[PDB]
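Working notes for the structure below.
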Amino acid sequence: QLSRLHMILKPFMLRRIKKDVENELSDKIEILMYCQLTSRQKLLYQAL
Amino acid sequence: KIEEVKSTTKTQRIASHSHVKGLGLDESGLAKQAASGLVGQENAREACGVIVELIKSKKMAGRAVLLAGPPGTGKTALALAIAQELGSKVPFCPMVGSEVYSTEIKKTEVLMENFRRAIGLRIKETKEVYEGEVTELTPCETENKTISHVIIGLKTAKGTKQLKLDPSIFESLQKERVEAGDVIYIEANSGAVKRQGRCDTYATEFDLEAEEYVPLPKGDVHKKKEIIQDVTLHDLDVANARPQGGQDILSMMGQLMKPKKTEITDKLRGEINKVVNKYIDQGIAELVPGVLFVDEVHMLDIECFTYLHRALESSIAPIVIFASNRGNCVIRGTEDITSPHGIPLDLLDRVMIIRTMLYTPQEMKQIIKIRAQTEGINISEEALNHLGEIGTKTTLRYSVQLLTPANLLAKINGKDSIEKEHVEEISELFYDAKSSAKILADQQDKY
Amino acid sequence: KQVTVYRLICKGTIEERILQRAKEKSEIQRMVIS
Ligand SMILES: Nc1ncnc2c1ncn2[C@@H]1O[C@H](COP(=O)(O)OP(=O)(O)O)[C@@H](O)[C@H]1O
C-alpha cells in the first residue's frame, strides 16, 4: 500500500531531501537537553 | 542526535534520625516488623499509633506521654516518627529539657513560650493593597502647618488611580524615600510601604545610578487578596509584647533595640485567646493544636516539673511528649529526693508512660542495614554480620557510627563497598564508651 | 553558517510521553515519504 501511495504521488508531487541541493550548508546539531525539575515543580507535579 | 543532562548542587545532609519517615503502622494501627524506617519497638509504635490519633482528634488538651527506656532504645526517634506521621501542617515543637535555664526569662515561663508555640493556627487574612509607579505625590496642609491627607497618583499596566491617603502613609513614604517614578507597594491594613526602585521605563534615564529597576506592576492599583497565614499562639503572644507593627517612631525603634525575651503576662495570653476565638467564630481561622516534645525531660528543674502540673491541666495546652533515658536518679534542684526517670512521682501520674526497650542482635543488624542504605553506602554481608557482633559487644550507636568512617576507609583503600577488613580496622582506631573506660580505669594514676 | 538546535525536557514528568509519541509518529512519518 506504500508503493500504491508512491505510484499515485510520483506524477504530481516533487521530492528532495536537502543534501540533493545543499552541498555546502550545515546539517543541524540537535540536542535533547534534559532538565532536573525543582522542589516547587515536584511538589505541584506530585499533588497533580 | 546529542543528549545532555544537568545537576549542579549538593543533597540534603544525612542526620542521626533522617531514616525515620513515619511509625510504620498498618491500617489497624498494629506495628509492621520493619516499615517507614523503623524496626522493632512494636509496643511503643502501637502506642504512638494511638497518640497520632490523639493529636489528630484535636479534642484533648495537655494530655502527655513519657517515652522511657535505656540509651539508644529509640525514644527521640519515636517522637521524630510522630513528627513525620502528623505531616507538615500540625506543629511539632522540639525542645530539650535543659533549654529552660534562660538568662532573660524565668524557667517557669520558657515552658509557656514552648507550649504556646505548639498550638498552631491557620488564618485566611484578607490583605488590601495599593501598588504602582508613583506618578504624582502631594501632601494637603492644615493649621497647627500639619498634613491632613496625602494624594498619591499610582500607575500600573491595567490603568491609573489618584488616592487620598492618611498622613501616616505620607510619613511612611518619606521614611522610605519614595519619589515620582518609584514602583511602590502599600498594604492598607498594616499601613506598611515597600519601595521596589524606579519603574523600568526610567532604566535608560542615567548612564550611572544606584537603583535596581522593576517592571511596571500589573492588575488594578487597588486590590485585595487572601494570605493563608500559618501562625502559632506564641507568635501572637510575643508580637504584641514588643510590637514591631504600625509605623510610628516607637515601633520603628523597637525593631532596632536588642530583642530581649520578656515574661509575657497571663492577661495578654487571655486577651489573645479571646481574639483567636473571635477569628474561629468568624470562620477566618482553623486551630491546629500540635505537639510539644520535651526531650531529655529528666533535667527540667523541680520548679519546672511543678509548673507542668498547672500547664498540663490547662484547657488550652498542646499534647506533650517527654523522653527519659534515666533510672532512679536524684531529682534536680532537690538534692535529697530520688524517683523513677528523674521525674517527680507527682508529675508521673499525669503521663501515659511508653516503655521502650533494648534490641535483639537481629534488630541491631536490621537497623544497621537500614542506616547504611541511608548514609548512602554499600556493605558486604560478612562486614554487616561483624557490625551485628560489635552491636552485641558494645551499643547500637557505636555500631551505627562506624559505618561512614568505614566507607571513607573503603574508598581510600579503593573498594566500592565496606569489606570486613575495613570494619575490623575502624574498630581498632575508634574506641567506644565501654572499651575506653577499661584503659581509662587501668591508667587512672595519670588522668 | 553552522546550525544548532536544542529541546528542553523534564525526565519522568509528561514531556517524555510527548517525545515518545513524537518519536513513534516521526518513524511512521518517515516511511510515507522515503
Ligand atoms: N526502632 C528503631 N528503628 C530505627 N532506628 C532506630 C530505632 N531505635 C533507635 N534508632 C536509631 O538508633 C539511634 C538511637 O536511638 P535514639 O532515639 O537516639 O535513642 P535515645 O532514645 O536514647 O535517645 C538513632 O540513630 C535512632 O534513629
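Observations, loosely collected:
- Scanning segment B:15-33 for any residue that is part of a loop (DSSP other than H, G, I, E, B), within 16 Å of the ligand (Cβ to nearest atom) and in contact with a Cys (Cβ under 7 Å, 6 or more places away or on another chain) turns up at least one such residue.
- Criterion (more than 16 Å from the ligand (Cβ to nearest atom) and outside any helix (DSSP H, G or I)) met by exactly one of B:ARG122, B:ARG116: B:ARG122
- Meets criteria (more than 13 Å from chain B (Cβ to nearest Cβ), outside any helix (DSSP H, G or I), exposed (fewer than 10 other Cβ atoms within 10 Å of the Cβ) and of a type outside the set (D, E, K, R)) for A:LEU25: no
- Evaluation of B:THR394 against (1) in the same structural domain as B:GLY24 (by CATH); (2) within 14 Å of the ligand (Cβ to nearest atom) (one fails), failing number: (1)
- All of (1) over 30 Å from C:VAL3 (Cβ atoms); (2) at the interface with another protein chain (Cβ under 8 Å from one of its Cβ atoms); (3) of a type outside the set (A, V, I, L, M) hold for A:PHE12 with one exception: (2).
- Scan of segment B:150-172 for residues that are surrounded by fewer than 17 Cβ atoms within 10 Å (Cβ to Cβ) and of a type outside the set (A, V, I, L, M, F, W, C), ordered by number: B:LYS158, B:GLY159, B:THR160, B:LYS161, B:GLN162, B:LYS164, B:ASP166, B:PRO167, B:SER168
- Residue in segment B:1-14 that is nearest to the ligand (Cβ to nearest atom), counting only those that are within 14 Å of chain A (Cβ to nearest Cβ) and among the aliphatic types (A, V, I, L, M): B:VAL5
- For segment B:322-338, a residue qualifies if it is away from the ligand (no atom under 16 Å from the Cβ) and either more than 12 Å from B:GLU296 (Cβ to Cβ) or hydroxyl-bearing (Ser, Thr, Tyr) (or both), and the qualifying residues are B:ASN328, B:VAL330, B:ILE331, B:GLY333, B:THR334, B:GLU335, B:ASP336, B:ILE337, B:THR338.
- Search result, residues across segment B:400-417 that are buried (at least 19 other Cβ atoms within 10 Å of the Cβ) and within 16 Å of the ligand (Cβ to nearest atom): B:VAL400, B:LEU402, B:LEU403
- The single condition among (1) on the phi < 0 side of the Ramachandran plot; (2) assigned by CATH to the domain that holds B:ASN273; (3) touching a strand residue (DSSP E or B) at 6+ places or on another chain (Cβ under 9 Å) that B:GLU313 does not satisfy is (3).
- Matching helices (runs of 4 or more DSSP H) fully within segment B:218-304 where at least 1 residues are touching a strand residue (DSSP E or B) at 6+ places or on another chain (Cβ under 9 Å): B:233-241, B:266-281
- Search result, residues across segment B:132-160 that are out of contact with any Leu (no Cβ under 8 Å at 6 or more places or on another chain) and either among the basic types (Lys, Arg) or not in a strand (DSSP E or B) (or both): B:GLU143, B:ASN144, B:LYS145, B:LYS158
- Check on A:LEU2, more than 20 Å from C:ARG17 (Cβ to Cβ), out of contact with any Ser or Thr (no Cβ under 6 Å at 6 or more places or on another chain), facing another protein chain (nearest Cβ under 7 Å) and surrounded by fewer than 10 Cβ atoms within 10 Å (Cβ to Cβ): yes
- Test: B:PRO94 is more than 14 Å from chain A (Cβ to nearest Cβ), within 16 Å of the ligand (Cβ to nearest atom) and not in a loop (DSSP other than H, G, I, E, B): yes
- Selection count where residues are in a loop (DSSP other than H, G, I, E, B), of a type outside the set (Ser, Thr, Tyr) and either more than 10 Å from the ligand (Cβ to nearest atom) or surrounded by fewer than 22 Cβ atoms within 10 Å (Cβ to Cβ) (or both), scope segment B:34-46: 1
- Reported count of residues in chain C, each being of a type in the set (A, V, I, L, M, F, W, C) and either over 18 Å from A:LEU32 (Cβ atoms) or at the interface with chain A (Cβ under 7 Å from one of its Cβ atoms) (or both), is 9.
Conditions (1) away from the ligand (no atom under 12 Å from the Cβ); (2) surrounded by 24 or more Cβ atoms within 10 Å (Cβ to Cβ), marked per residue:
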position: B:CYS48; (1), (2): no, yes
position: B:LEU54; (1), (2): yes, no
position: B:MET60; (1), (2): yes, no
position: B:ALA64; (1), (2): yes, no
position: B:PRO70; (1), (2): no, no
position: B:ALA79; (1), (2): no, yes
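Per-residue answers, yes or no, for (1) hydroxyl-bearing (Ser, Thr, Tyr); (2) away from the ligand (no atom under 15 Å from the Cβ); (3) in the same structural domain as B:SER36 (by CATH):
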| site | (1), (2), (3) |
| --- | --- |
| B:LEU347 | no, yes, yes |
| B:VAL351 | no, yes, yes |
| B:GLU363 | no, no, no |
| B:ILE370 | no, no, no |
| B:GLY376 | no, yes, no |
| B:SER380 | yes, yes, no |
| B:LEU384 | no, yes, no |
| B:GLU389 | no, yes, no |
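- Cβ-Cβ under 9 Å pairs, at least 6 apart or on other chains, segment A:23-42 side over 21 Å from C:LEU19 (Cα atoms), far side among the aliphatic types (A, V, I, L, M): A:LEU25/C:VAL3; A:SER26/C:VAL3; A:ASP27/C:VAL3
- Looking only at segment B:338-363, residues that are loosely packed, with under 13 Cβ neighbours inside 10 Å and farther than 30 Å from B:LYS393 by Cβ come to 4 in all.
- For segment A:28-48, filtering for residues that are away from chain B (no Cβ under 14 Å), surrounded by 10 or more Cβ atoms within 10 Å (Cβ to Cβ) and either assigned to a loop (DSSP other than H, G, I, E, B) or hydrophobic (A, V, I, L, M, F, W, C) (or both) leaves 1.
Cβ coordinates were reconstructed from backbone atoms using ideal geometry, including for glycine residues, and neighbour counts include every protein chain displayed. Numbers and lists here come from the model and the stated rules, or from a named source; no laboratory instrument gave them.
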